[PDB]
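J.: Provided hereafter are the protein sequence and its experimental coordinates.
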Amino acid sequence: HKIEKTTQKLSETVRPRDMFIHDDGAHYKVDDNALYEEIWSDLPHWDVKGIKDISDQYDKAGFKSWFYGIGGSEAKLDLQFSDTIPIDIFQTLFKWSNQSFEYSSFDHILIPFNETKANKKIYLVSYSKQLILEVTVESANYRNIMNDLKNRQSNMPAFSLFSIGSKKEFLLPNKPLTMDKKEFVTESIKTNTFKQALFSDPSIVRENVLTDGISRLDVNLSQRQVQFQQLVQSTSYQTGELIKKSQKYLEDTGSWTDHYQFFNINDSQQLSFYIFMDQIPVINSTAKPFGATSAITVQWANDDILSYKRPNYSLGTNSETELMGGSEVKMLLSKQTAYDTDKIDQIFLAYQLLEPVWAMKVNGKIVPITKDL
């Protein structure tokens, strides 16, 4: 079973895009990575006592004040994901025995500060649907962890909510941010390496475009992209399962050339995984286009993978610039003409092919919010 490189745990593949502390009209980004890693690694050990849906306990205004620790509402640690994560996934990651709410999914896990009783509460939240699952839990380290957070809070980058478009608001810096830049010179993978690992039997592949009569492997060097296809589209797999299957598949084929994380799943169930550097998404710049796609894309069939598209190179080993603050981001998107801000779904930090930049998700498309306006 030819492989290609290293091993990756599910908790490494699907995890929060970032972490924020919301409280009293303020918002602080948890930028210390070791702290992010500490929270993420300890969370799965918080033993679940019970789970209950409490969505009906809040109206629109209530939900928002609570979610962001407005006024008297306790401050909240917000673990933001890139897509609504199926509850099936959280159950696996945390070894939960729970089996109800089988159809729910969430894009945020929030943890309130000041939980003193033995029974503490965390919440699985699907923001736009305002759905909330209250998870009662026991934690040996909650107190220590929430203590560090609260103490390092003051020196955390300050973010606020900017209303861009007329339908949503986006977490963005109060002022510009200073972040390190690029590096380069990939590693690249030989077409033969993909062949030996992707075909169940490389001895019969022929014809660079290679096939074994029932599976094509296209390596386009100019696009720095490899493609592996086989003709249906799964029907027996629910979102959670497709994600699990993708994890196992990328693991069994040694696809983890770099640290890849699940980003989201398509309307047509195409799962996207991106290369992450410093817990930051690595995307492709608009102009000076390096490659054609920097994300691993997986499409499943009922008993086989339909298509797998990925980079034919790797990175990850070893300047300085300023990224707009948000008022600068708002004003820009305010007069760019290209896209309609009412269509912006998400705005987030991303390295560009590696330069810190703000990226937006507009109608599935992911565009670098740069002066290339």
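T.: In hand now; what should we look at? Residues are numbered from 1 along each chain as shown.
J.: domains for the protein, by residue range?
T.: For the chain, the structural domains run 9-156, 157-183+319-373, 184-318, going by curated CATH domains.
J.: among the ones you listed, which is nearest residue 2?
T.: Of all the domains of the chain, the one in closest proximity to residue 2, counting by CB to CB, is domain 184-318 (4.2 Å). For every residue, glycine as well, the C-beta is placed using N, CA and C.
J.: Would you check the distance separating that closest one from the middle of the chain?
T.: Here the centre of mass of C-alpha atoms in domain 184-318, compared against the chain's by CA atoms, centre = their mean, to the nearest Å, lies 17 Å away.
J.: Now do the end-to-end distance for it.
T.: The first and final residues of domain 184-318 sit 10 Å from each other (CA to CA, to the nearest Å).
J.: follow-up on the earlier one: what would the domains of the chain look like in TSV with distance to residue 1 and mean neighbour count?
T.: Listed next are the domains of the chain as TSV, based on distance: least, CB to CB, whole Å; neighbours: other CB atoms under 10 Å:
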stretch	distance to residue 1	mean neighbour count
domain 9-156	19	17
domain 157-183+319-373	31	16
domain 184-318	7	17
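J.: could you dump the ones you listed to a markdown table with distance to residue 3?
T.: Conversion of the domains of the chain to a markdown table gives the following (distance: least, CB to CB, whole Å):
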| stretch | distance to residue 3 |
| --- | --- |
| domain 9-156 | 16 |
| domain 157-183+319-373 | 26 |
| domain 184-318 | 3 |
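J.: Tell me who's in contact with residue 6.
T.: In this structure, residue 6 makes contact with 254, 256, judged by CB atoms under 8 Å, 6 or more residues apart in numbering.
J.: cool, residue 147 as well?
T.: By CB under 8 Å, 6+ apart, the contact set of residue 147 is empty.
J.: Okay, and it sits in which element?
T.: Counting by DSSP states H and E, the element that carries residue 147 is helix 142-152.
J.: Return the residue spatially closest to residue 315, with its sequence-adjacent residues excluded.
T.: The shortest distance from residue 315 to any residue other than its chain neighbours is 5.5 Å, reached at residue 258 (CB to CB, 6 or more residues apart in numbering).
J.: oh sorry, the question was meant for residue 54
T.: If you skip the residues right next to it in sequence, residue 54 has residue 134 as its closest partner in space, 4.8 Å away by CB to CB, 6+ apart.
J.: How about the secondary structure of that neighbour?
T.: Under DSSP: H, G, I helix; E, B strand; the rest coil, residue 134 falls in the strand class.
J.: Was I right to think the residue nearest to residue 315 contacts residue 310?
T.: No - because the distance of 10.4 Å does not satisfy CB atoms under 8 Å, residue 258 is recorded as not touching residue 310.
J.: quick revisit: the residue nearest to residue 54 against residue 120, yeah?
T.: No - because the distance of 10.9 Å does not satisfy CB under 8 Å, residue 134 is recorded as not touching residue 120.
J.: and residue 285, which of the three is it?
T.: Three states are possible here, and by three-state DSSP the one that applies to residue 285 is coil.
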